[PDB]
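J.: Dumping the structure here so I can ask a few things about it.
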Amino acid sequence: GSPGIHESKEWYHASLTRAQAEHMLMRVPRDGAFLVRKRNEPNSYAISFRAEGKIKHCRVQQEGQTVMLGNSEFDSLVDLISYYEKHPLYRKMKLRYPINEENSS
Amino acid sequence: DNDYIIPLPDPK
């Protein structure tokens, strides 16, 4: 029907102040939560993810025909997160914190 | 400063 290597939902917010995203992740009391978002330009996105008592937005760029995740060029933002669900991102966090809290699972 | 971190999985 309408599945895809994109589309879907709940992991990329396209509209909010670049600094209000720090207050939405600061309002949530817990260690570990990853999300993605769109900057104020269609030439770069950003992974908003906090851990412990700190917040860590991340800036991903897009080349004319590919994407620069950070140290490698990936084929798309969905395949990026696909092998990234198993690999680390920064020196400690990953996509290991989906909806997380004592009342999640 | 903590408003963006380049996503690198350990410096190796």
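Positions of Cβ are generated from backbone atoms using ideal geometry, with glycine treated the same way; all protein chains shown enter the neighbour counts. Please treat every number below as a calculation from the coordinates, not as lab data.
J.: Hey, among A:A19, A:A46, which residue is of a type in the set (A, V, I, L, M), over 27 Å from B:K12 (Cβ atoms) and within 10 Å of chain B (Cβ to nearest Cβ)?
T.: Among A:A19, A:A46, only A:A19 is of a type in the set (A, V, I, L, M), over 27 Å from B:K12 (Cβ atoms) and within 10 Å of chain B (Cβ to nearest Cβ).
J.: Being within 13 Å of B:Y4 (Cα to Cα), touching a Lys or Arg at 6+ places or on another chain (Cβ under 9 Å) and exposed (fewer than 15 other Cβ atoms within 10 Å of the Cβ) narrows it down to one of A:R37, A:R18, A:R59, A:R30, so name that one.
T.: Values: A:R37 fails: exposed (fewer than 15 other Cβ atoms within 10 Å of the Cβ); A:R59 fails: exposed (fewer than 15 other Cβ atoms within 10 Å of the Cβ); A:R30 fails: within 13 Å of B:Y4 (Cα to Cα).
None of the others qualify; the one that does is A:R18.
J.: Being closer than 16 Å to B:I5 by Cβ, assigned to a helix (DSSP H, G or I) and without any contact (Cβ under 8 Å) to a residue 24 or more places away in the chain, is that true of even one residue in the range A:82-93? So that I can check it myself, show each step before the final result.
T.: At the first step, the residues of the range A:82-93 found to be closer than 16 Å to B:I5 by Cβ are A:84, A:87-93.
Right, trim to assigned to a helix (DSSP H, G or I) and you get A:84.
The next check asks that each one be without any contact (Cβ under 8 Å) to a residue 24 or more places away in the chain; those that pass are A:84.
Yes, the range A:82-93 contains at least one residue that is closer than 16 Å to B:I5 by Cβ, assigned to a helix (DSSP H, G or I) and without any contact (Cβ under 8 Å) to a residue 24 or more places away in the chain.
J.: Another question, then. Could you check how many residues of the range A:1-40 are β-branched (V, I, T), part of a loop (DSSP other than H, G, I, E, B) and within 21 Å of A:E101 (Cβ to Cβ)?
T.: 1
J.: Still on this structure, I have one more. Hey, can you tell me all the residues within the range A:44-68 that are touching a residue at least 12 places away in the same chain (Cβ under 8 Å), over 18 Å from A:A33 (Cβ atoms) and of a type in the set (S, T, N, Q)?
T.: Within the range A:44-68, A:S44, A:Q61, A:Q62 qualify.
J.: Sticking with this one: Consider A:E7 carefully, then state whether it is more than 14 Å from every other protein chain (Cβ to nearest Cβ), charged (D, E, K, R), exposed (fewer than 12 other Cβ atoms within 10 Å of the Cβ) and farther than 16 Å from B:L8 by Cα.
T.: Yes, satisfied.
J.: So in the range A:80-92, with the set limited to residues that are over 11 Å from the mean Cα position of the chain (by Cα) and over 14 Å from A:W11 (Cα atoms), which one is surrounded by the most Cβ atoms within 10 Å (Cβ to Cβ)?
T.: The extreme case among them is A:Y90.
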